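A.B. asks: Chains as they are written, first to last, in the authors' numbering: chain B, 2 to 399; chain A, 2 to 399. For every residue, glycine included, the Cβ atom is placed at its ideal position computed from N, Cα and C. I am attaching a structure below and will ask some questions about it afterwards.
2 protein chains.
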Amino acid sequence: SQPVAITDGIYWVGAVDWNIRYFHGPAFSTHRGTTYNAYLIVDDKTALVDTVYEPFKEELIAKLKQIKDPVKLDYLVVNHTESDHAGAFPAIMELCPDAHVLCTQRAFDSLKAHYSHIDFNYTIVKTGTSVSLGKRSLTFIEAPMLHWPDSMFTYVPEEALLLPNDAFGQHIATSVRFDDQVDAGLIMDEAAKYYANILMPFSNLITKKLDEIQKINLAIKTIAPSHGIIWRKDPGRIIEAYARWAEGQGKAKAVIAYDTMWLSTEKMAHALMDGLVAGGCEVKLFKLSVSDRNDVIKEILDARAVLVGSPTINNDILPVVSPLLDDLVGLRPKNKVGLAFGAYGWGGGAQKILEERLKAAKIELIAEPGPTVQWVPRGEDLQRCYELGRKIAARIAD
Amino acid sequence: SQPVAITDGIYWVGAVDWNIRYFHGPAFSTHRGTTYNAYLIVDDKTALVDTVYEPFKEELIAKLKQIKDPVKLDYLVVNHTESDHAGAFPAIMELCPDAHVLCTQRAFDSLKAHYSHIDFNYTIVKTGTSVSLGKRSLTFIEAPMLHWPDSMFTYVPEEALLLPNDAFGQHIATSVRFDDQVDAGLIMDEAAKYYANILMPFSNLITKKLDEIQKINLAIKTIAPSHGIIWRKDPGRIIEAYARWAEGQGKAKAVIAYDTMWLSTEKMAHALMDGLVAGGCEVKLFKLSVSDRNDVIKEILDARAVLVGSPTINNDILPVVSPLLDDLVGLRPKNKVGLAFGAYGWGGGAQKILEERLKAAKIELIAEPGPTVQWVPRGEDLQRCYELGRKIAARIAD
Ligand SMILES: Cc1cc2nc3c(=O)[nH]c(=O)nc-3n(C[C@H](O)[C@H](O)[C@H](O)COP(=O)(O)O)c2cc1C
Ligand SMILES: Cc1cc2nc3c(=O)[nH]c(=O)nc-3n(C[C@H](O)[C@H](O)[C@H](O)COP(=O)(O)O)c2cc1C
Ligand SMILES: [Zn+2]
Ligand SMILES: [Zn+2]
Ligand SMILES: [Zn+2]
Numbered sequence: 002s003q004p005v006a007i008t009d010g011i012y013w014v015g016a017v018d019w020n021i022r023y024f025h026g027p028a029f030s031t032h033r034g035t036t037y038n039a040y041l042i043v044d045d046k047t048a049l050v051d052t053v054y055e056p057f058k059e060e061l062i063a064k065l066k067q068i069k070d071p072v073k074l075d076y077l078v079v080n081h082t083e084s085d086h087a088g089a090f091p092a093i094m095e096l097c098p099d100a101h102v103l104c105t106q107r108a109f110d111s112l113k114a115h116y117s118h119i120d121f122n123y124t125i126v127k128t129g130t131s132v133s134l135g136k137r138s139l140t141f142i143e144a145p146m147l148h149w150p151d152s153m154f155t156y157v158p159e160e161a162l163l164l165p166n167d168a169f170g171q172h173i174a175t176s177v178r179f180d181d182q183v184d185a186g187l188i189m190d191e192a193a194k195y196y197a198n199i200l201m202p203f204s205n206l207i208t209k210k211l212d213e214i215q216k217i218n219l220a221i222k223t224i225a226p227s228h229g230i231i232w233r234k235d236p237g238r239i240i241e242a243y244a245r246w247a248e249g250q251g252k253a254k255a256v257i258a259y260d261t262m263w264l265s266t267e268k269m270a271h272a273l274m275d276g277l278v279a280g281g282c283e284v285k286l287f288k289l290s291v292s293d294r295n296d297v298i299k300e301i302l303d304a305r306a307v308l309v310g311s312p313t314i315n316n317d318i319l320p321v322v323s324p325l326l327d328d329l330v331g332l333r334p335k336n337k338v339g340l341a342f343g344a345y346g347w348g349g350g351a352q353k354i355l356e357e358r359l360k361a362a363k364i365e366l367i368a369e370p371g372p373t374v375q376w377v378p379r380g381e382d383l384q385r386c387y388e389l390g391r392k393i394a395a396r397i398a399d
Numbered sequence: 002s003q004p005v006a007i008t009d010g011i012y013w014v015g016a017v018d019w020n021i022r023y024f025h026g027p028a029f030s031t032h033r034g035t036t037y038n039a040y041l042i043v044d045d046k047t048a049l050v051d052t053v054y055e056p057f058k059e060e061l062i063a064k065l066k067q068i069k070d071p072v073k074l075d076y077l078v079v080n081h082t083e084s085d086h087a088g089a090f091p092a093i094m095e096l097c098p099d100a101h102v103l104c105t106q107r108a109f110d111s112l113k114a115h116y117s118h119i120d121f122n123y124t125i126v127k128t129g130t131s132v133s134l135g136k137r138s139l140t141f142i143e144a145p146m147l148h149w150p151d152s153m154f155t156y157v158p159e160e161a162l163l164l165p166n167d168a169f170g171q172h173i174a175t176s177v178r179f180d181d182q183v184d185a186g187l188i189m190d191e192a193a194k195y196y197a198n199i200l201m202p203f204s205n206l207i208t209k210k211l212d213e214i215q216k217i218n219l220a221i222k223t224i225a226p227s228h229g230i231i232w233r234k235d236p237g238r239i240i241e242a243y244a245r246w247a248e249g250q251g252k253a254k255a256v257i258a259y260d261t262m263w264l265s266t267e268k269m270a271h272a273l274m275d276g277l278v279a280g281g282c283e284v285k286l287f288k289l290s291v292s293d294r295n296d297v298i299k300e301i302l303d304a305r306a307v308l309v310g311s312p313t314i315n316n317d318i319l320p321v322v323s324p325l326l327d328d329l330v331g332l333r334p335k336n337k338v339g340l341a342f343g344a345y346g347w348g349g350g351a352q353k354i355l356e357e358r359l360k361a362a363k364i365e366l367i368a369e370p371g372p373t374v375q376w377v378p379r380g381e382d383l384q385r386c387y388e389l390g391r392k393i394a395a396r397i398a399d
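In structure tokens:
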């Protein structure tokens with residue numbers, strides 16, 4: 002209901018989605034819901050940056066009328082189209098027909114494909130362009146593939162305010178809006194879960210756009226993403242985190258995701274971790290069929306090692322392990338070392354599948370044919386897994 | 002607690018697992034638990050067929066002492082070594098060290114591998130071989146790869162009793178023991194869920210073994226499998242069923258499994274469905290992220306068509322779909338036609354992975370490059386899917 006002011010004239014007018022437990026379809030789990038943020042700037046000429054997820058258009062409009070009775074809206078910025086952000090696009094245009102749309106090219110094309118039948122004045126914007134609203138203007142910065150092709154940021158220099166959309170956001174539902182009103186530790190963890198699951202494969206593009214904003218000495222006093230809390234107090238903190246995560250130097254940490262039918266593969270898992278811990282390396286042990294794939298990925302962003310295990314069923318992998326694997330192949334973990342392991346009763350087959358997938362994800366296998374075992378692990382075997390983890394530990398060194 | 006007599010001198014001494022929900026580890030889901038059946042034959046020389054999942058050894062032993070306290074046990078037959086069956090091997094072997102183990106060769110090897118530190122007077126068995134216990138005797142039938150290499154059935158001619166272990170079994174926990182004491186419809190569906198998820202890839206060996214028993218003209222009056230109910234009143238129906246499923250003639254049915262992020266792919270799934278129903282086909286629609294892969298696989302057993310859709314994320318398939326794909330490749334569905342489909346926003350990529358996996362599962366694509374959409378379905382797009390479902394409907398004809 003109640004809109005929130007970032008500063009005199011600039012307001013937060015999005016909606017909070019408290020009960021959503023899954024975003025991007027069944028992909029990103031939102032244990033704590035999320036929010037669709039939209040920003041209104043009231044000047045001689047008023048602008049609305051991004052909209053809201055369709056099912057929440059009511060709350061948007063309501064918050065809008067909460068600032069000014071008949072909604073003016075001279076400009077309508079669209080940094081992204083996705084849906085969670087442009088779903089209310091139609092509702093809004095019908096509300097303010099003559100509103101002027103400013104966006105990237107691919108954004109315009111996308112906007113035309115996901116809606117059409119919707120007439121509107123536009124004006125393709127490019128990185129560096131600039132429109133004025135009076136006392137305040139709004140320059141832009143193209144942000145291709147920083148999630149999507151049509152992606153871009155919106156910078157209001159007059160207040161050193163940045164509106165990067167999806168980037169720098171976190172999927173959290175809260176009645177509070179700013180980072181100084183949330184636990185510093187918990188909010189950053191969410192920020193990491195978002196990065197790990199969305200921006201992981203675009204790390205290099207990220208370091209780039211980052212340095213770019215630095216070369217231009219853009220004064221970023223506050224960052225207001227399209228999901229979650231608005232970084233008002235310490236915005237340098239996530240800028241720096243992103244910087245760190247994007248480089249991916251990592252920490253002497255190792256994630257072991259796996260699953261088993263009769264425990265043989267599990268034992269191999271303990272042995273690997275026991276050796277890894279001995280090498281002075283932290284370890285996260287995830288039994289896939291009872292762990293959040295999304296949380297497992299978040300843990301990997303930081304780890305310098307990834308070990309996946311599974312026995313073999315019908316000459317193939319254990320289905321439960323498939324999701325993690327293909328999700329890794331698409332996310333492409335920047336600079337990582339890993340291993341594959343598991344048991345079998347006669348022929349095997351999981352090990353090849355695992356190693357091909359792992360290699361496809363660009364994970365440097367610390368020992369090509371990984372530790373496989375027939376039926377049950379033997380002492381010599383567990384010892385082998387032990388030293389192997391011991392070996393990985395030493396490489397992740399730190 | 003109490004044992005149940007199948008007939009004078011022959012008792013059910015297994016254990017019922019009411020709370021289990023995931024058998025074979027995270028693989029097969031048992032919405033209604035299961036049982037680990039074990040049978041005791043009291044003749045001039047009492048014998049035990051299989052044991053029980055370790056965690057229920059006390060129950061087994063407890064039940065044995067209830068037939069004859071000082072536990073005799075001249076022979077101990079290991080029809081299968083899996084674990085849900087041989088877990089209490091060491092326990093029963095300690096109870097009676099002097100026991101004569103009867104098993105296959107591969108069984109023996111597995112047994113010596115899974116246990117060792119346990120010696121026992123054995124004697125490899127082969128098809129036809131026969132051991133006498135007095136009035137009653139017991140002949141064995143090797144059943145290689147009928148689930149596992151060491152698999153085999155135990156036949157008691159005097160009673161026309163067949164102890165096939167896993168084959169003909171269903172994962173279901175009931176206080177009652179025989180088929181005539183259970184809903185024919187519900188029990189046969191479980192029997193199918195079992196076959197569909199475990200024996201599906203051995204259909205050919207199934208018909209052959211069934212025929213072999215047909216030649217030998219074995220008199221099967223009752224079938225007591227290792228899991229579930231005991232076919233006492235009508236073994237014919239389950240044998241007919243297995244024979245049918247094994248052939249794989251199928252039914253003019255089609256299973257469409259998929260998942261999406263923003264619906265486009267869902268819409269395609271629908272289009273295809275309509276065209277199929279129009280073609281006079283029965284359809285089952287499954288949004289993978291909300292369905293049981295095991296329940297889905299059960300449905301495919303009868304189906305003559307398998308369609309799998311998915312959008313494309315990070316140039317790969319949506320992780321949620323991975324499981325089905327990999328479970329199918331391993332399961333190798335006999336005589337099935339299929340089609341892959343889905344949307345993309347710019348590059349695409351899930352279609353190749355889909356057709357790749359689908360082919361690898363030995364599924365005949367009705368149209369190599371399957372239907373694909375960019376962003377949102379258009380009129381012709383859906384019409385196209387319609388026609389395609391219409392085409393598959395035509396081929397599955399019946
Ligand atoms: C349904 C089922 C199917 C199996 N298929 C294969 C197979 O194709 N090839 C193989 O080498 N082992 C197969 N096995 C044996 C397992 O790979 C072996 O028991 C292993 O020790 C299990 O590892 P775990 O205890 O970590 O689950 C199969 C086991 C089960 C229960
Ligand atoms: C996290 C995310 C990642 C994506 N990655 C790709 C990609 O690599 N290639 C592509 O062509 N489209 C990509 N898309 C776009 C979707 O394929 C496209 O929006 C499609 O219309 C969604 O299908 P659906 O409505 O069935 O969920 C991506 C979308 C999201 C939200
Ligand atoms: Zn709200
Ligand atoms: Zn009891
Ligand atoms: Zn319809």
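1) Could you name the residues, in chain order, whose CB is less than 7 Å away from a heavy atom belonging to ligand 5?
2) For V256(B), which beta-bridge partners are listed by DSSP?
3) Which residues in the same chain as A362(A) place their Cβ atom closer than 6 Å to its Cβ, once the five residues preceding and following it in sequence are excluded?
4) Could you spell out the range, first to last residue, of the alpha helix (DSSP H) harbouring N122(A)?
5) Using only the alpha-carbon positions, how far apart do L366(B) and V321(A) sit?
6) Under 8 Å by Cβ, that's how I've got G339(B) and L359(B) pegged, so tell me the actual separation to the nearest angstrom.
7) Got a sec: which bits of the segment 239-268 of chain A sit with their beta carbon under 8 Å from any beta carbon on chain B, in order along the chain?
8) Closer than 9 Å, Cβ to any Cβ of chain A: which residues of the segment 271-298 of chain B, in chain order?
9) Quick check on DSSP: helix, strand or coil for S204(B)?
10) Should the segment 127-136 of chain A be called in touch with the segment 165-180 of chain A, which here means at least 3 C-beta pairs below 8 Å?
11) Classify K69(A) as buried or exposed, calling it buried when 16 or more other Cβ atoms lie within 10 Å of its own Cβ.
12) Looking at the unbroken alpha helix (DSSP H) that takes in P226(B), where does it start and where does it end?
13) Considering only residues of the segment 92-130 of chain A, which uninterrupted beta strand (DSSP E) runs meet the minimum length of 3 residues and lie entirely inside it, listed in chain order?
14) Cβ of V377(A) less than 9 Å from any chain B Cβ?
15) Which residues count as close to ligand 3 when the rule is a CB under 6 Å from any of its heavy atoms, in chain order?
16) Does any CB atom of chain A fall closer than 9 Å to the CB of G26(B)?
17) Under 6 Å Cβ to Cβ from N122(A), same chain only, skipping five residues before and after it: list those, please.
18) Could you pull the start and end residues of the beta strand (DSSP E) that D18(B) belongs to?
19) DSSP state of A398(A), grouped into three classes?
20) Take the Cβ of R379(A) as the centre, count every other Cβ of all protein chains shown within 10 Å, and call the residue buried at 16 or more, exposed below.
21) Is it buried or exposed for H148(A), if we count other Cβ within 10 angstroms and need 16 for buried?
22) Taking only beta carbons into account, state which residues of the segment 137-167 of chain B come closer than 7 Å to chain A, listed in chain order.
23) Quick one, which residues of the segment 320-352 of chain B are near chain A if we go by CB-CB under 9 Å, in chain order?
24) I301(A) CB to nearest chain B CB: under 9 Å?
25) Cα separation between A394(A) and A272(A)?
26) Along the chain, which unbroken stretches of the beta strand (DSSP E) at least 3 residues long are found entirely within the segment 291-339 of chain B?
27) If we count the other Cβ atoms within 10 Å of its Cβ and call it buried at 16 or more, is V291(A) buried or exposed?
28) On the three-state DSSP scale, how would you describe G390(A)?
29) Out of curiosity, what's the CA-to-CA distance linking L112(B) and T82(B)?
30) What would DSSP say about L139(B), mapped onto helix, strand or coil?
31) Does the Cβ of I21(A) have 16 or more other Cβ atoms within 10 Å, making it buried, or fewer, making it exposed?
32) Against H115(A), what residues of chain B qualify as contacts under a CB-to-CB distance less than 8 Å, listed in chain order?
33) Output, in sequence order along the chain, the residues in the segment 197-210 of chain A whose CB is closer than 7 Å to any CB in chain B.
34) Counting only beta-carbon separations shorter than 9 Å, does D51(B) have a partner in chain A?
35) Are the beta-carbon atoms belonging to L49(A) and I11(A) less than 9 Å from one another?
36) Among the candidates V126(B), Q384(B) and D18(B), whose CA atom is the shortest distance from the CA of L77(B)?
C.D. replies: Checking against the coordinates, here is how it stands:
1) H271(A) and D275(A)
2) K285(B) and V307(B)
3) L329 and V330
4) Premise fails: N122(A) is in no alpha helix (DSSP H) and is neither H nor E.
5) 25 Å
6) 6 Å
7) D260, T261, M262 and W263
8) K288, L289, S290, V291 and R294
9) helix
10) no
11) exposed
12) First-last for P226(B): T223 to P226, but that is the beta strand (DSSP E), not the alpha helix (DSSP H).
13) 101-104
14) yes
15) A16(B), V17(B) and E60(B)
16) yes
17) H101
18) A16 to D18
19) coil
20) exposed
21) buried
22) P150
23) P320, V321, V322, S323, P324, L325, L326, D327, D328, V330, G331, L332, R333, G346, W347 and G350
24) no
25) 13 Å
26) 304-310
27) exposed
28) helix
29) 6 Å
30) strand
31) buried
32) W376 and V377
33) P202
34) no
35) no
36) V126(B)
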